[PDB]
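In order, the protein sequence lines correspond to chains A, E, C and D.
Each position in the first sequence, counted from 1, maps to that position plus 166 in the deposited numbering.
With the deposited numbering, letter number 32 in the second sequence gets 32, and the count goes up by one each step, no holes.
With the deposited numbering, letter number 36 in the third sequence gets 36, and the count goes up by one each step, no holes.
Each position in the fourth sequence, counted from 1, maps to that position plus 7 in the deposited numbering.
Even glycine gets a Cβ: it sits at the ideal position worked out from N, Cα and C.
This report refers to the structure that appears directly beneath it.
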Amino acid sequence: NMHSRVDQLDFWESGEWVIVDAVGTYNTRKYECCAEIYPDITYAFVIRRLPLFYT
Amino acid sequence: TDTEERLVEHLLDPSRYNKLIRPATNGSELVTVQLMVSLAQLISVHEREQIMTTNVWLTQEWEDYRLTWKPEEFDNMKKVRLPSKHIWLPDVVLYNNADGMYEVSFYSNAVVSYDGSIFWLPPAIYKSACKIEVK
Amino acid sequence: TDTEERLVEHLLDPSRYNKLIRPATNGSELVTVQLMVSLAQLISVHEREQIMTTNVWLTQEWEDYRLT
Amino acid sequence: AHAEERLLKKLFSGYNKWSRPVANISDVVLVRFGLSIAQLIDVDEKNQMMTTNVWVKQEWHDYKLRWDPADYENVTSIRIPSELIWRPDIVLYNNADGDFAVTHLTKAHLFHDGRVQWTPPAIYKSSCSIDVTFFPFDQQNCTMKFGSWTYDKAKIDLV
Ligand SMILES: *[C@@H]1O[C@H](CO)[C@@H](O)[C@H](O)[C@H]1NC(C)=O
Ligand SMILES: *[C@@H]1O[C@H](CO)[C@@H](O)[C@H](O)[C@H]1NC(C)=O
Ligand SMILES: CC(=O)OCC[N+](C)(C)C
Ligand SMILES: [Ca+2]
């Protein structure tokens, strides 16, 4: 993991959603296909909707 | 002509011209790229998707000392057209594009002068994200 | 197999087989190509846009004397 | 087949596709441009675009691609990939949501006197101002602007 938090320096505010949290988690698991352990990084984007429009 | 093809082969000869190398004379020297956007048309502004589609001509000019020649040795030719895919290009792109297309849409020829000046004017249909104000 | 690889290399050897040239023989002759469309499924017929989508197998048979 | 192989070996022995095909610099490559419409796919009034399916009929003279058919078993004309020869870079100026230049690149017919005929298909989504004053009885006037993109009049001229 270069950095736990996902970089947002050049983010372009969509105007509909706001990123509450975005952290990549390093997971390792095995698949029934193959006999080796495969590592991965999963980024969980927690986005909160702005309700004014749909309200 | 024979002279023109001889010149073109001489300029783009891969043994003496590598398009992956910046045409920088000195280590601290940097290439200056002039830019100018010619708005040929404003195709549309989608407020729902917050995208503006424009048809622009992106004039780009810079100096490539490796593409110089003496006109007197080449039948007094002052400028030749070289394909833009076979010369070093400053990869200028629309950074805030809203559809994942960064480059230009045609990649036309580049008009090269005998002193190394490149003049490239490719067209492009750009889709840039916009902040639409609805108040 | 070694023999099959040798045959494939021999047939497509670019020094003797140019795919850009019609296999015309006996002079200014034409190559006869046999077509046969096998309809595998009629995926859809859109009436609004007037387009039919089909899944077909387009059989094509001709004679290339250079691949003998 | 051997005659055409020999002809192809000869023609592209020293051909340079990046150079304008004029024996003399002062000459003009005369390109005989012309369209043949296949179907008017759609006229998007809301978006002010016109989709068409046309064949672009370009014809020009190349002085390097010449031969005498007597030597090559009377081979007056051959079909060669269009990517191996110099072609005019005609583009659709008033493009909108499409491609500026032809992208299909069919095979170009080449004759024994240097002539070349290239007729590739293309779907052009040009822009055209729509007048809906008398809708649905309206009559539209949508235009396509074709021209060379980098060779000025002194170098390439459209006929
Ligand atoms: C090219 O054309 C110019 C103008 O007609 C003429 O003066 C010149 O001699 C020509 N050169 C050749 C090589 O034909
Ligand atoms: C169609 O438009 C062209 C260019 O805008 C114009 O020259 C021509 O007269 C128009 N035709 C009609 C019938 O209005
Ligand atoms: C030199 C060059 O690329 O010119 C492009 C613009 N145009 C089509 C108006 C001449
Ligand atoms: Ca319509």
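Using a cut-off of 7 Å between C-beta atoms, extract the partners of residue i located in chain D.
i	result
residue 1 (chain E)	29, 30, 31, 32
residue 200 (chain E)	Nothing in the structure corresponds to residue 200 (chain E), since chain E is present only between 1 and 135.
residue 12 (chain C)	Neighbours of residue 12 (chain C) on chain D: none; closest Cβ ~15 Å, over 7 Å.
residue 5 (chain E)	23, 26
residue 44 (chain E)	54
residue 66 (chain C)	8
Please compile the residues from chain A whose C-beta is within a distance smaller than 8 Å of the C-beta of residue i.
i	result
residue 96 (chain E)	178
So residue i contacts chain A; which residues on that side make the cut at Cβ distance below 7 Å?
i	result
residue 129 (chain E)	178
How about residue i and residue j: do their beta carbons lie closer than 8 Å?
i	j	result
residue 101 (chain D)	residue 151 (chain D)	yes
residue 69 (chain E)	residue 114 (chain E)	yes
residue 82 (chain E)	residue 116 (chain E)	no
residue 80 (chain E)	residue 4 (chain E)	yes
residue 112 (chain D)	residue 92 (chain D)	no
residue 116 (chain D)	residue 83 (chain D)	no
residue 37 (chain D)	residue 67 (chain D)	yes
residue 58 (chain D)	residue 44 (chain D)	no
residue 114 (chain D)	residue 94 (chain D)	no
residue 106 (chain E)	residue 161 (chain D)	no
residue 165 (chain D)	residue 21 (chain C)	no
residue 69 (chain D)	residue 21 (chain D)	no
residue 65 (chain C)	residue 14 (chain C)	no
residue 23 (chain D)	residue 73 (chain E)	no
residue 54 (chain E)	residue 39 (chain E)	yes
residue 50 (chain D)	residue 129 (chain D)	no
residue 156 (chain D)	residue 98 (chain D)	yes
residue 219 (chain A)	residue 185 (chain A)	no
Nearest by alpha-carbon distance to residue i: which of the options is it?
i	options	result
residue 65 (chain D)	D:161, D:160, D:53, D:154	D:154
residue 123 (chain E)	E:103, E:20, E:133	E:103
residue 133 (chain D)	E:81, E:41, E:71	E:41
residue 18 (chain C)	D:25, D:117, D:10	D:10
residue 59 (chain C)	C:45, C:34, C:51	C:34
residue 189 (chain A)	A:219, A:174, A:199	A:174
residue 37 (chain C)	C:51, C:56, C:23	C:56
residue 215 (chain A)	A:204, A:201, A:180, A:194	A:180
residue 26 (chain C)	D:128, D:165, D:80, D:50	D:80
residue 6 (chain E)	D:140, D:28, D:96, D:149	D:28
residue 120 (chain E)	E:127, E:112, E:126	E:112
residue 31 (chain D)	E:30, E:77, E:12	E:77
Does residue i come out as helix, strand or coil in the three-state DSSP assignment?
i	result
residue 123 (chain E)	strand
residue 27 (chain D)	coil
residue 196 (chain A)	strand
residue 173 (chain A)	coil
residue 33 (chain C)	coil
residue 100 (chain D)	coil
residue 71 (chain D)	strand
residue 82 (chain D)	coil
residue 6 (chain E)	helix
residue 28 (chain E)	coil
residue 12 (chain D)	helix
residue 77 (chain D)	helix
residue 52 (chain D)	coil
residue 182 (chain A)	coil
residue 216 (chain A)	coil
residue 44 (chain C)	strand
residue 11 (chain C)	helix
residue 20 (chain D)	coil
residue 43 (chain D)	strand
residue 33 (chain D)	coil
residue 91 (chain D)	helix
Mind listing the chain E neighbours of residue i? Cutoff is C-beta to C-beta under 8 Å, in chain order.
i	result
residue 108 (chain D)	106
residue 98 (chain D)	106, 108, 123
Would you mind telling me which residues of chain E sit closer than 7 Å to residue i, beta carbon to beta carbon, in chain order?
i	result
residue 126 (chain D)	Within 7 Å Cβ-Cβ: nothing; residue 126 (chain D) doesn't reach chain E, min ~21 Å.
Would you mind telling me which residues of chain D sit closer than 9 Å to residue i, beta carbon to beta carbon, in chain order?
i	result
residue 40 (chain C)	Neighbours of residue 40 (chain C) on chain D: none; closest Cβ ~26 Å, over 9 Å.
residue 82 (chain C)	What is shown of chain C runs 1 to 68, which leaves residue 82 (chain C) out entirely.
residue 111 (chain E)	157
residue 99 (chain E)	Neighbours of residue 99 (chain E) on chain D: none; closest Cβ ~11 Å, over 9 Å.
Residues of chain D with a CB under 8 Å from the CB of residue i: which are they?
i	result
residue 83 (chain E)	25
List, in chain order, every chain C residue whose beta-carbon is nearer than 7 Å to that of residue i.
i	result
residue 88 (chain D)	20
Say yes only if the C-beta of residue i is nearer than 7 Å to one or more non-hydrogen atoms of ligand 6, and no if none qualify.
i	result
residue 148 (chain D)	Looking for ligand 6 in the displayed structure turns up nothing; the ligands present are ligand 1, ligand 2, ligand 3 and ligand 4.
Which chain C residues are close to residue i, counting only those with a beta carbon under 9 Å from its beta carbon?
i	result
residue 15 (chain D)	18, 20, 21
Kindly list, in the order they appear in chain E, the residues whose Cβ is closer than 9 Å to that of residue i.
i	result
residue 103 (chain D)	41, 43, 44, 53, 55, 125
residue 134 (chain D)	41, 43, 55
For residue i, return the contacting residues in chain C, with the cut-off set at a CB-CB distance below 8 Å.
i	result
residue 12 (chain D)	18, 21
Review point. Which full runs of the beta strand (DSSP E) of 3+ residues lie inside the stretch 48-118 of chain E, going along the chain?
Key: 51-63, 79-83, 109-113
Check your understanding: Quick one: complete beta strand (DSSP E) runs, 3+ long, within the stretch 108-159 of chain D?
Key -> Secondary structure remark: continuous beta strand (DSSP E) runs of at least 3 residues inside the stretch 108-159 of chain D, in chain order: 114-118, 120-125, 128-134, 153-155.
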